[PDB]
Amino acid sequence: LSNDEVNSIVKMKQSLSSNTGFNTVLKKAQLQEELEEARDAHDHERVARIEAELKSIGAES
Amino acid sequence: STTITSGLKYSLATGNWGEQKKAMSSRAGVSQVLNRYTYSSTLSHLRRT
Amino acid sequence: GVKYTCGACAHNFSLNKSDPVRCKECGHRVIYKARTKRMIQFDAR
Amino acid sequence: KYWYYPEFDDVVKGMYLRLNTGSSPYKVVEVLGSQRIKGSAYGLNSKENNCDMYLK
Amino acid sequence: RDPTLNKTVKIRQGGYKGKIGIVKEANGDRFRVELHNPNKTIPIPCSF
Amino acid sequence: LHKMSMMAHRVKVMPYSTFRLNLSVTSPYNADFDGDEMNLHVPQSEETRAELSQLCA
Amino acid sequence: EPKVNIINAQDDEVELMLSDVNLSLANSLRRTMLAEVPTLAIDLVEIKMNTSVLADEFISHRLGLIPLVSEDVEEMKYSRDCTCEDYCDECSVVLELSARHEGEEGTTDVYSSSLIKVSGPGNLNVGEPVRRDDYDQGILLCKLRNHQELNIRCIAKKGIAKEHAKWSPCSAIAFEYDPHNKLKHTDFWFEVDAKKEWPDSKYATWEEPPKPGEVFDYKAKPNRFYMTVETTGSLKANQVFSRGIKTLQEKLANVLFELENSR
Amino acid sequence: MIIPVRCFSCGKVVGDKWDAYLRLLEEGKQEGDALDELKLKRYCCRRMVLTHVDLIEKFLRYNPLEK
Amino acid sequence: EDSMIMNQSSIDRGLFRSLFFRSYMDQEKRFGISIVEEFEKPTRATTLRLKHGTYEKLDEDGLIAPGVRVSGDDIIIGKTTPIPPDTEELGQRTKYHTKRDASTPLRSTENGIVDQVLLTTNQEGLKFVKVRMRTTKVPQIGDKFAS
Amino acid sequence: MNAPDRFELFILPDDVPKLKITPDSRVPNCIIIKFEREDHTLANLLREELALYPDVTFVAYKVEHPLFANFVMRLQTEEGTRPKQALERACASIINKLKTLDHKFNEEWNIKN
RNA sequence: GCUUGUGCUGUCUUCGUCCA
Ligand SMILES: [Mg+2]
Ligand SMILES: [Zn+2]
Ligand SMILES: [Zn+2]
Ligand SMILES: [Zn+2]
């Protein structure tokens, strides 16, 4: 397989990916980074949506 | 973009606090490898002057 | 020909010395070799 | 091992394989094609083996 | 050309009975076998 | 520091991995057993062996 | 002439008093019980799979220290003295352990009760790991979480505590004589008064304290010895004592045979 | 890392008393009373259970490398 | 004179016993447009100036596998670098040296068990391996202790 | 690395005799006995048993080095008695003492069982 | 008769060990 084919297969399985702890942690980190970017831009509307999404994704055990 | 990147990386990697072509006369030993032999040694190293 | 294990999802696979070093299913860049099949014996001392 | 290959669609075309009828006498079926079905992810071999490929 | 070189071997007699090793030196009638159990290499006759 | 820091001893082969000294010679060497290391040099000739056994013993 | 008097008796420890024997004989008996009575212990570990967080040799060392029942170890032979190629049933006991955690939550403890005896000498009561009761889980060997498995095969051999401490049947042998110091074998350090600064021995009531007007007796020798033998469970206390005596007798008989055959 | 099988000094088996020790401490017993109830007389044995730090509970929190 | 006496039976029961790990690193360097190093098990025929150790513990990809006991001077990473061929193509039946050995041997004074082998790609996209070796060090005469 | 095998403390090589006896000519009727693969356990027992015999005028032992498992014993008897006979008598006497000790312990254990 | 495999930089820097 080529590198591009590997990336395509990984994206396909990510679309198929229901949940994975490593991927959930990565998604939460990316969401936190996006939230701080929105905070620095004084966007009070996006930050509410990002906070709601973070609350929904979180609550681990 | 390579200028700042290489300068910072070189100074942090080697400990010579200055430009790469002025290694002589620069203050050496500023950056050191973290001591990880035991937890107390790491804590002591992080608070050294 | 030789097995490998991903560093994140712990998925077993194999490589043919020509594929890119990558997990097939999660695309992680770090993989580990699997344990040898030889006998391992210890002296219990 | 090979269902996610782009060429696997044409590879599986025309192949003969043992199939579980379910309604079990195993029989042979002829592959008229494949069709990806989103939202129909199913366990293929284990719980983690999610698959969206379908064989017509 | 010493076909038993670099081959897994087991000891059947002496003070190391039943220990797995690998043959390292095969001059003759005295084989040097490294032991997997401790980190050492010992001489041993071929009959053993 | 002085010429008693190099003296010629007689070898006795022993197990384990440390040099062993009678404790009376720890004074001229200024040595103790808290981690010190010492150097050993082997003569390679009859003349040199005689010199060591007759002068530096 | 020698006498034995038992104070307390149990399966794991016996507290007895020896008398009319020399101090050397009692000390030699103590040393023999500590380091020359043969027992059975795991000596080789073949690790077929170990995905636990502990190192392979960590678990091997832990296994070697587990006490195994060694009642009939006399019938068993030493590994180096058995002419059989590899190991037979007459010079080794094979135990097998297989542990696994099922489910994606919780932690599984691996105990010594999981060690299953696979092969050994016929009808000999040896090899089984020692258990305090029928419901005692035993020594904790390892811990496992989901998808971690431990699968090993261990071989137990006969040996003495001189070679390695794992073959020692005893734990600690308390040894004591002359509680009141009539022989003056020790000189008591003190600050003000040596009598009230030193605790009384636990056997001080077993001997009459010296009279205030008594003179020193230079003709006396230590005569009564108090010793407690504690075992790890591989051997009973009486078995340890009797086998120590027998081992000492065998050693002396070997010396006698060497002397008689020397001429 | 995990409770030693034998006491270092004398050799008494203390590896089977960790769970019982934790159970006793759970019920409110003091450490000295808990050690006495397990029949650990010599202080050489008492230091083994008293000063043991259980690190395997921290190593087990890492995701296993295989499945 | 600052020595001390230790109980052998306590050492046997695990007193002051410890675990030792050492890691080795190696990577494939790029010297030109098509001059690359390769992780492989070098052969006595196609390569020249081999190390005096043994290459029999290497796998097909030139990397040792975890769980294998290693000794001093053994080869744990097999690497070769290309060399311009000589005039040996005269009459050699393909048995002419085209590569030079650049293998990584284990340290001469050390031995242990291969604990974990890591294979990945560096920043430049070339192969990159790390091998960790494990051994146990038991106290003995000469080891330093302190209160 | 240089640590010897632990079984060398008690396992006797074939070429090494268990018991070598050489006379001590400096004093009359004296022998020097070299025990191999033995330690204080047998030595102290034998020494304190022999010290009580009226016909034994000198008995002693020493372990030259703790790292080697052997000891050497010096024995010197009266004119009438050969030292080796005294050593044999000591061995037999200690064996009888141990035998009666074992018998008495078995009796007491059965009584208190 | 298929016959066995011998070779390693260099320069800085830092942190340590034993005396002092
Ligand atoms: Mg010093
Ligand atoms: Zn993966
Ligand atoms: Zn056998
Ligand atoms: Zn203890």
# chains A, B, ... in the order shown; residues from 1 in each chain; ligands from 1

call {"tool": "residues_near_ligand", "arguments": {"ligand": "ligand 4", "cutoff": "10 Å", "atoms": "only C-alpha atoms (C1' of nucleotides) and all ligand atoms", "output": "ChimeraX atom specification"}}
result
/G:171-172 /H:6-14,40-48

call {"tool": "select_by_dssp", "arguments": {"residues": "chain H", "states": "helix (DSSP H, G or I)", "output": "list in words"}}
result
residues 18, 19, 20, 21, 22, 23, 24, 25, 26, 31, 32, 33, 34, 35, 36, 37, 43, 44, 45, 46, 47, 48, 49, 50, 56, 57, 58 and 59 of chain H

call {"tool": "residues_around", "arguments": {"residues": "residue 36 of chain I", "least_positions_apart": "3", "cutoff": "10 Å", "atoms": "only C-alpha atoms (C1' of nucleotides)", "output": "list in words"}}
result
residues 28, 29, 30, 31, 32, 33, 80, 81, 82 and 126 of chain I

call {"tool": "write_last_selection", "arguments": {"atoms": "C-alpha atoms", "output": "PDB file, in the first residue's frame"}}
result
ATOM      1  CA  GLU I  28      18.460   4.830   8.219  1.00  0.00           C
ATOM      2  CA  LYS I  29      20.499   7.740   6.893  1.00  0.00           C
ATOM      3  CA  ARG I  30      20.051   9.291   3.453  1.00  0.00           C
ATOM      4  CA  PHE I  31      23.278  10.155   1.636  1.00  0.00           C
ATOM      5  CA  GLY I  32      21.907  11.076  -1.778  1.00  0.00           C
ATOM      6  CA  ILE I  33      19.151  10.721  -4.397  1.00  0.00           C
ATOM      7  CA  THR I  80      24.011  -2.201   5.657  1.00  0.00           C
ATOM      8  CA  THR I  81      25.162   0.731   3.562  1.00  0.00           C
ATOM      9  CA  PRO I  82      25.586   0.505  -0.226  1.00  0.00           C
ATOM     10  CA  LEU I 126      13.142   7.097   7.102  1.00  0.00           C
TER      11      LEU I 126
END

call {"tool": "residues_near_ligand", "arguments": {"ligand": "ligand 2", "cutoff": "9 Å", "atoms": "only C-alpha atoms (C1' of nucleotides) and all ligand atoms", "output": "PyMOL selection string"}}
result
chain C and resi 5-12+22-31

call {"tool": "atom_distance", "arguments": {"atom1": "atom CA of residue 230 of chain G", "atom2": "atom CA of residue 13 of chain G"}}
result
4.4 Å

call {"tool": "atom_distance", "arguments": {"atom1": "atom CA of residue 65 of chain G", "atom2": "atom CA of residue 40 of chain G"}}
result
10.6 Å

call {"tool": "interface_residues", "arguments": {"of": "chain J", "to": "chain E", "cutoff": "12 Å", "atoms": "only C-alpha atoms", "output": "list in words"}}
result
residues 1, 2, 3, 4, 5, 6, 7, 8, 11, 12 and 13 of chain J

call {"tool": "write_last_selection", "arguments": {"atoms": "C-alpha atoms", "output": "mmCIF file, in the first residue's frame"}}
result
data_model
loop_
_atom_site.group_PDB
_atom_site.id
_atom_site.type_symbol
_atom_site.label_atom_id
_atom_site.label_comp_id
_atom_site.auth_asym_id
_atom_site.auth_seq_id
_atom_site.Cartn_x
_atom_site.Cartn_y
_atom_site.Cartn_z
ATOM 1 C CA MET J 1 30.305 -12.288 36.789
ATOM 2 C CA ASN J 2 32.991 -13.757 39.048
ATOM 3 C CA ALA J 3 30.532 -15.173 41.579
ATOM 4 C CA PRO J 4 31.089 -18.914 42.114
ATOM 5 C CA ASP J 5 28.314 -21.460 41.856
ATOM 6 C CA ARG J 6 26.407 -21.970 45.090
ATOM 7 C CA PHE J 7 26.504 -25.766 44.866
ATOM 8 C CA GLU J 8 30.293 -25.629 45.252
ATOM 9 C CA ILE J 11 29.158 -30.661 46.194
ATOM 10 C CA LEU J 12 32.510 -32.435 46.235
ATOM 11 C CA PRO J 13 34.573 -32.705 43.032
#

call {"tool": "residues_around", "arguments": {"residues": "residue 1 of chain D", "least_positions_apart": "5", "cutoff": "12 Å", "atoms": "only C-alpha atoms (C1' of nucleotides)", "output": "PyMOL selection string"}}
result
(chain C and resi 12-14+24-25) or (chain D and resi 8+44-45+49+51)

call {"tool": "residues_around", "arguments": {"residues": "residue 17 of chain E", "least_positions_apart": "6", "cutoff": "9 Å", "atoms": "only C-alpha atoms (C1' of nucleotides)", "output": "list in words"}}
result
residues 10, 11 and 48 of chain E; 79, 80, 85, 86 and 87 of chain G

call {"tool": "closest_atom_pairs", "arguments": {"of": "chain K", "to": "ligand 1", "cutoff": "12 Å", "atoms": "only C-alpha atoms (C1' of nucleotides) and all ligand atoms", "output": "JSON lines"}}
result
{"residue": "K:17", "atom": "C1'", "partner": "ligand 1", "partner_atom_place_in_ligand_line": "1 (Mg)", "distance": 10.0}
{"residue": "K:18", "atom": "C1'", "partner": "ligand 1", "partner_atom_place_in_ligand_line": "1 (Mg)", "distance": 5.9}
{"residue": "K:19", "atom": "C1'", "partner": "ligand 1", "partner_atom_place_in_ligand_line": "1 (Mg)", "distance": 7.4}
{"residue": "K:20", "atom": "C1'", "partner": "ligand 1", "partner_atom_place_in_ligand_line": "1 (Mg)", "distance": 11.4}

call {"tool": "residues_around", "arguments": {"residues": "residue 32 of chain C", "least_positions_apart": "5", "cutoff": "10 Å", "atoms": "only C-alpha atoms (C1' of nucleotides)", "output": "PyMOL selection string"}}
result
(chain C and resi 3-7+10+12) or (chain H and resi 65) or (chain I and resi 65-66+116-120+129-130)

call {"tool": "write_last_selection", "arguments": {"atoms": "N, CA, C and O atoms", "output": "mmCIF file, in the first residue's frame"}}
result
data_model
loop_
_atom_site.group_PDB
_atom_site.id
_atom_site.type_symbol
_atom_site.label_atom_id
_atom_site.label_comp_id
_atom_site.auth_asym_id
_atom_site.auth_seq_id
_atom_site.Cartn_x
_atom_site.Cartn_y
_atom_site.Cartn_z
ATOM 1 N N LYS C 3 5.334 -10.428 12.682
ATOM 2 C CA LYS C 3 4.191 -9.730 13.247
ATOM 3 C C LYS C 3 4.606 -8.391 13.848
ATOM 4 O O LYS C 3 5.777 -8.143 14.144
ATOM 5 N N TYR C 4 3.617 -7.523 14.027
ATOM 6 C CA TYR C 4 3.819 -6.236 14.674
ATOM 7 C C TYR C 4 2.560 -5.882 15.446
ATOM 8 O O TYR C 4 1.484 -6.432 15.202
ATOM 9 N N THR C 5 2.707 -4.961 16.391
ATOM 10 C CA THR C 5 1.603 -4.524 17.233
ATOM 11 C C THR C 5 1.571 -3.005 17.260
ATOM 12 O O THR C 5 2.612 -2.366 17.442
ATOM 13 N N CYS C 6 0.391 -2.433 17.075
ATOM 14 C CA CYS C 6 0.262 -0.986 17.115
ATOM 15 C C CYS C 6 0.463 -0.465 18.532
ATOM 16 O O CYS C 6 0.216 -1.163 19.519
ATOM 17 N N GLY C 7 0.916 0.782 18.624
ATOM 18 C CA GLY C 7 1.186 1.392 19.911
ATOM 19 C C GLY C 7 -0.001 2.025 20.596
ATOM 20 O O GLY C 7 0.114 2.409 21.764
ATOM 21 N N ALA C 10 -3.352 -1.521 19.807
ATOM 22 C CA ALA C 10 -2.877 -2.884 20.051
ATOM 23 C C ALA C 10 -3.437 -3.870 19.028
ATOM 24 O O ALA C 10 -3.943 -4.939 19.373
ATOM 25 N N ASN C 12 -2.761 -6.390 15.921
ATOM 26 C CA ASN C 12 -1.727 -7.205 15.302
ATOM 27 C C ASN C 12 -1.830 -7.137 13.785
ATOM 28 O O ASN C 12 -2.930 -7.122 13.229
ATOM 29 N N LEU H 65 -0.573 -3.357 26.522
ATOM 30 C CA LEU H 65 0.085 -3.191 25.232
ATOM 31 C C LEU H 65 -0.391 -4.182 24.180
ATOM 32 O O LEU H 65 -0.060 -4.011 23.003
ATOM 33 N N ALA I 65 14.110 -9.855 18.129
ATOM 34 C CA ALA I 65 12.756 -9.854 18.659
ATOM 35 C C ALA I 65 12.770 -9.892 20.182
ATOM 36 O O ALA I 65 13.679 -10.461 20.786
ATOM 37 N N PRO I 66 11.773 -9.287 20.828
ATOM 38 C CA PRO I 66 11.740 -9.295 22.294
ATOM 39 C C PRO I 66 11.617 -10.700 22.854
ATOM 40 O O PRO I 66 11.021 -11.588 22.243
ATOM 41 N N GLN I 116 11.873 -4.945 24.594
ATOM 42 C CA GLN I 116 10.883 -4.279 23.765
ATOM 43 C C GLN I 116 11.589 -3.633 22.586
ATOM 44 O O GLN I 116 12.596 -2.949 22.763
ATOM 45 N N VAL I 117 11.057 -3.858 21.390
ATOM 46 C CA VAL I 117 11.622 -3.330 20.156
ATOM 47 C C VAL I 117 10.612 -2.381 19.541
ATOM 48 O O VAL I 117 9.443 -2.737 19.365
ATOM 49 N N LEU I 118 11.058 -1.173 19.220
ATOM 50 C CA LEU I 118 10.199 -0.121 18.700
ATOM 51 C C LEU I 118 10.636 0.221 17.288
ATOM 52 O O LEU I 118 11.825 0.430 17.040
ATOM 53 N N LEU I 119 9.681 0.264 16.367
ATOM 54 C CA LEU I 119 9.964 0.570 14.974
ATOM 55 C C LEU I 119 9.034 1.682 14.521
ATOM 56 O O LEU I 119 7.813 1.572 14.674
ATOM 57 N N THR I 120 9.602 2.744 13.963
ATOM 58 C CA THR I 120 8.815 3.892 13.541
ATOM 59 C C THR I 120 9.612 4.677 12.506
ATOM 60 O O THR I 120 10.676 4.241 12.057
ATOM 61 N N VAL I 129 14.566 2.785 14.656
ATOM 62 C CA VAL I 129 14.288 1.712 15.601
ATOM 63 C C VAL I 129 14.904 2.040 16.951
ATOM 64 O O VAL I 129 15.895 2.767 17.052
ATOM 65 N N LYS I 130 14.293 1.488 17.996
ATOM 66 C CA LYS I 130 14.817 1.557 19.353
ATOM 67 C C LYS I 130 14.665 0.185 19.983
ATOM 68 O O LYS I 130 13.586 -0.405 19.924
#

call {"tool": "residues_around", "arguments": {"residues": "segment 18-34 of chain J", "least_positions_apart": "5", "cutoff": "6 Å", "atoms": "only C-alpha atoms (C1' of nucleotides)", "output": "list in words"}}
result
residues 72, 73, 74, 75 and 76 of chain J

call {"tool": "decode", "arguments": {"residues": "segment 1-19 of chain K", "atoms": "N, CA, C and O atoms (P, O5', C5', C4', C3', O3' and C1' of nucleotides)", "output": "PDB file, in the first residue's frame"}}
result
ATOM      1  P     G K   1      34.218 -33.555  -4.698  1.00  0.00           P
ATOM      2  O5'   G K   1      33.947 -33.406  -3.135  1.00  0.00           O
ATOM      3  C5'   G K   1      32.878 -34.100  -2.499  1.00  0.00           C
ATOM      4  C4'   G K   1      32.000 -33.146  -1.734  1.00  0.00           C
ATOM      5  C3'   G K   1      32.667 -31.819  -1.379  1.00  0.00           C
ATOM      6  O3'   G K   1      31.685 -30.780  -1.345  1.00  0.00           O
ATOM      7  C1'   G K   1      32.015 -32.903   0.594  1.00  0.00           C
ATOM      8  P     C K   2      30.452 -30.740  -2.405  1.00  0.00           P
ATOM      9  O5'   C K   2      29.920 -29.246  -2.298  1.00  0.00           O
ATOM     10  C5'   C K   2      30.825 -28.180  -1.998  1.00  0.00           C
ATOM     11  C4'   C K   2      30.271 -27.332  -0.885  1.00  0.00           C
ATOM     12  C3'   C K   2      31.316 -26.597  -0.067  1.00  0.00           C
ATOM     13  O3'   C K   2      31.725 -25.420  -0.759  1.00  0.00           O
ATOM     14  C1'   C K   2      29.832 -27.692   1.394  1.00  0.00           C
ATOM     15  P     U K   3      33.269 -25.200  -1.153  1.00  0.00           P
ATOM     16  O5'   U K   3      33.870 -24.465   0.127  1.00  0.00           O
ATOM     17  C5'   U K   3      34.052 -25.161   1.375  1.00  0.00           C
ATOM     18  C4'   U K   3      33.638 -24.271   2.522  1.00  0.00           C
ATOM     19  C3'   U K   3      34.680 -24.072   3.617  1.00  0.00           C
ATOM     20  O3'   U K   3      34.564 -22.745   4.109  1.00  0.00           O
ATOM     21  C1'   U K   3      32.722 -24.965   4.562  1.00  0.00           C
ATOM     22  P     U K   4      35.860 -21.810   4.341  1.00  0.00           P
ATOM     23  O5'   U K   4      35.922 -21.658   5.922  1.00  0.00           O
ATOM     24  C5'   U K   4      34.723 -21.631   6.686  1.00  0.00           C
ATOM     25  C4'   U K   4      34.204 -20.226   6.853  1.00  0.00           C
ATOM     26  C3'   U K   4      34.953 -19.387   7.881  1.00  0.00           C
ATOM     27  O3'   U K   4      34.914 -18.016   7.486  1.00  0.00           O
ATOM     28  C1'   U K   4      32.702 -19.637   8.556  1.00  0.00           C
ATOM     29  P     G K   5      36.230 -17.302   6.904  1.00  0.00           P
ATOM     30  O5'   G K   5      36.908 -16.684   8.209  1.00  0.00           O
ATOM     31  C5'   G K   5      36.104 -16.185   9.295  1.00  0.00           C
ATOM     32  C4'   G K   5      35.020 -15.278   8.762  1.00  0.00           C
ATOM     33  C3'   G K   5      34.714 -14.046   9.610  1.00  0.00           C
ATOM     34  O3'   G K   5      34.661 -12.894   8.780  1.00  0.00           O
ATOM     35  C1'   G K   5      32.723 -15.251   9.166  1.00  0.00           C
ATOM     36  P     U K   6      35.867 -11.834   8.801  1.00  0.00           P
ATOM     37  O5'   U K   6      36.826 -12.390   9.949  1.00  0.00           O
ATOM     38  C5'   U K   6      38.189 -11.947  10.071  1.00  0.00           C
ATOM     39  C4'   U K   6      38.235 -10.439  10.060  1.00  0.00           C
ATOM     40  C3'   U K   6      39.544  -9.797  10.503  1.00  0.00           C
ATOM     41  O3'   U K   6      39.700  -8.693   9.608  1.00  0.00           O
ATOM     42  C1'   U K   6      37.823  -9.584  12.189  1.00  0.00           C
ATOM     43  P     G K   7      40.538  -7.381   9.993  1.00  0.00           P
ATOM     44  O5'   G K   7      39.421  -6.427  10.606  1.00  0.00           O
ATOM     45  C5'   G K   7      39.761  -5.385  11.506  1.00  0.00           C
ATOM     46  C4'   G K   7      38.708  -4.307  11.520  1.00  0.00           C
ATOM     47  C3'   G K   7      38.803  -3.298  12.653  1.00  0.00           C
ATOM     48  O3'   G K   7      39.768  -2.285  12.433  1.00  0.00           O
ATOM     49  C1'   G K   7      36.585  -4.057  12.487  1.00  0.00           C
ATOM     50  P     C K   8      40.179  -1.293  13.642  1.00  0.00           P
ATOM     51  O5'   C K   8      38.879  -0.393  13.835  1.00  0.00           O
ATOM     52  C5'   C K   8      38.400  -0.062  15.150  1.00  0.00           C
ATOM     53  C4'   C K   8      38.033   1.400  15.212  1.00  0.00           C
ATOM     54  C3'   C K   8      37.235   1.820  16.437  1.00  0.00           C
ATOM     55  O3'   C K   8      37.434   3.203  16.706  1.00  0.00           O
ATOM     56  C1'   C K   8      35.860   1.957  14.523  1.00  0.00           C
ATOM     57  P     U K   9      37.109   3.800  18.166  1.00  0.00           P
ATOM     58  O5'   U K   9      36.938   5.359  17.889  1.00  0.00           O
ATOM     59  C5'   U K   9      36.091   5.820  16.826  1.00  0.00           C
ATOM     60  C4'   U K   9      36.921   6.489  15.761  1.00  0.00           C
ATOM     61  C3'   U K   9      37.498   7.841  16.153  1.00  0.00           C
ATOM     62  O3'   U K   9      38.861   7.686  16.524  1.00  0.00           O
ATOM     63  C1'   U K   9      36.174   8.067  14.198  1.00  0.00           C
ATOM     64  P     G K  10      39.354   8.186  17.952  1.00  0.00           P
ATOM     65  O5'   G K  10      39.154   9.761  17.863  1.00  0.00           O
ATOM     66  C5'   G K  10      40.026  10.547  17.040  1.00  0.00           C
ATOM     67  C4'   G K  10      39.337  11.819  16.619  1.00  0.00           C
ATOM     68  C3'   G K  10      38.943  12.754  17.744  1.00  0.00           C
ATOM     69  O3'   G K  10      40.049  13.537  18.162  1.00  0.00           O
ATOM     70  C1'   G K  10      37.178  12.589  16.179  1.00  0.00           C
ATOM     71  P     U K  11      40.157  14.018  19.680  1.00  0.00           P
ATOM     72  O5'   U K  11      39.451  15.446  19.663  1.00  0.00           O
ATOM     73  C5'   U K  11      39.703  16.390  18.608  1.00  0.00           C
ATOM     74  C4'   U K  11      38.575  17.386  18.546  1.00  0.00           C
ATOM     75  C3'   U K  11      38.188  17.990  19.884  1.00  0.00           C
ATOM     76  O3'   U K  11      38.938  19.163  20.193  1.00  0.00           O
ATOM     77  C1'   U K  11      36.243  17.284  18.704  1.00  0.00           C
ATOM     78  P     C K  12      38.989  19.665  21.703  1.00  0.00           P
ATOM     79  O5'   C K  12      37.765  20.676  21.793  1.00  0.00           O
ATOM     80  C5'   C K  12      37.001  20.797  22.999  1.00  0.00           C
ATOM     81  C4'   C K  12      35.585  21.191  22.672  1.00  0.00           C
ATOM     82  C3'   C K  12      34.661  21.307  23.872  1.00  0.00           C
ATOM     83  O3'   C K  12      34.744  22.603  24.467  1.00  0.00           O
ATOM     84  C1'   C K  12      33.664  19.911  22.253  1.00  0.00           C
ATOM     85  P     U K  13      34.980  22.686  26.034  1.00  0.00           P
ATOM     86  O5'   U K  13      33.536  22.363  26.613  1.00  0.00           O
ATOM     87  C5'   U K  13      32.399  23.033  26.060  1.00  0.00           C
ATOM     88  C4'   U K  13      31.136  22.318  26.448  1.00  0.00           C
ATOM     89  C3'   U K  13      31.046  21.870  27.891  1.00  0.00           C
ATOM     90  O3'   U K  13      30.669  22.934  28.749  1.00  0.00           O
ATOM     91  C1'   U K  13      30.303  20.136  26.493  1.00  0.00           C
ATOM     92  P     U K  14      31.183  22.971  30.255  1.00  0.00           P
ATOM     93  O5'   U K  14      30.146  22.023  30.997  1.00  0.00           O
ATOM     94  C5'   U K  14      28.748  22.334  30.954  1.00  0.00           C
ATOM     95  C4'   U K  14      27.927  21.075  31.049  1.00  0.00           C
ATOM     96  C3'   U K  14      28.068  20.297  32.336  1.00  0.00           C
ATOM     97  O3'   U K  14      27.318  20.913  33.365  1.00  0.00           O
ATOM     98  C1'   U K  14      28.130  18.800  30.535  1.00  0.00           C
ATOM     99  P     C K  15      27.869  20.882  34.842  1.00  0.00           P
ATOM    100  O5'   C K  15      27.386  19.466  35.372  1.00  0.00           O
ATOM    101  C5'   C K  15      26.031  19.052  35.156  1.00  0.00           C
ATOM    102  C4'   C K  15      25.914  17.576  35.403  1.00  0.00           C
ATOM    103  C3'   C K  15      26.600  17.098  36.667  1.00  0.00           C
ATOM    104  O3'   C K  15      25.758  17.242  37.807  1.00  0.00           O
ATOM    105  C1'   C K  15      27.240  15.725  34.854  1.00  0.00           C
ATOM    106  P     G K  16      26.427  17.234  39.243  1.00  0.00           P
ATOM    107  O5'   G K  16      26.580  15.681  39.540  1.00  0.00           O
ATOM    108  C5'   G K  16      27.844  15.139  39.944  1.00  0.00           C
ATOM    109  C4'   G K  16      27.882  13.658  39.673  1.00  0.00           C
ATOM    110  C3'   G K  16      28.980  12.897  40.401  1.00  0.00           C
ATOM    111  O3'   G K  16      28.496  12.351  41.621  1.00  0.00           O
ATOM    112  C1'   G K  16      29.228  12.573  38.094  1.00  0.00           C
ATOM    113  P     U K  17      29.363  12.510  42.948  1.00  0.00           P
ATOM    114  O5'   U K  17      30.399  11.312  42.843  1.00  0.00           O
ATOM    115  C5'   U K  17      29.927   9.974  42.661  1.00  0.00           C
ATOM    116  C4'   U K  17      31.102   9.052  42.520  1.00  0.00           C
ATOM    117  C3'   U K  17      32.240   9.307  43.488  1.00  0.00           C
ATOM    118  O3'   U K  17      32.013   8.642  44.716  1.00  0.00           O
ATOM    119  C1'   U K  17      33.103   9.090  41.313  1.00  0.00           C
ATOM    120  P     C K  18      32.385   9.362  46.079  1.00  0.00           P
ATOM    121  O5'   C K  18      33.932   9.048  46.250  1.00  0.00           O
ATOM    122  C5'   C K  18      34.432   7.738  46.054  1.00  0.00           C
ATOM    123  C4'   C K  18      35.935   7.734  46.014  1.00  0.00           C
ATOM    124  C3'   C K  18      36.617   8.704  46.958  1.00  0.00           C
ATOM    125  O3'   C K  18      36.665   8.227  48.288  1.00  0.00           O
ATOM    126  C1'   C K  18      37.636   8.815  44.827  1.00  0.00           C
ATOM    127  P     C K  19      36.877   9.245  49.483  1.00  0.00           P
ATOM    128  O5'   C K  19      38.425   9.596  49.381  1.00  0.00           O
ATOM    129  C5'   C K  19      38.908  10.926  49.625  1.00  0.00           C
ATOM    130  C4'   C K  19      40.364  11.004  49.245  1.00  0.00           C
ATOM    131  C3'   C K  19      41.061  12.317  49.569  1.00  0.00           C
ATOM    132  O3'   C K  19      41.616  12.298  50.888  1.00  0.00           O
ATOM    133  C1'   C K  19      41.395  11.796  47.292  1.00  0.00           C
TER     134        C K  19
END
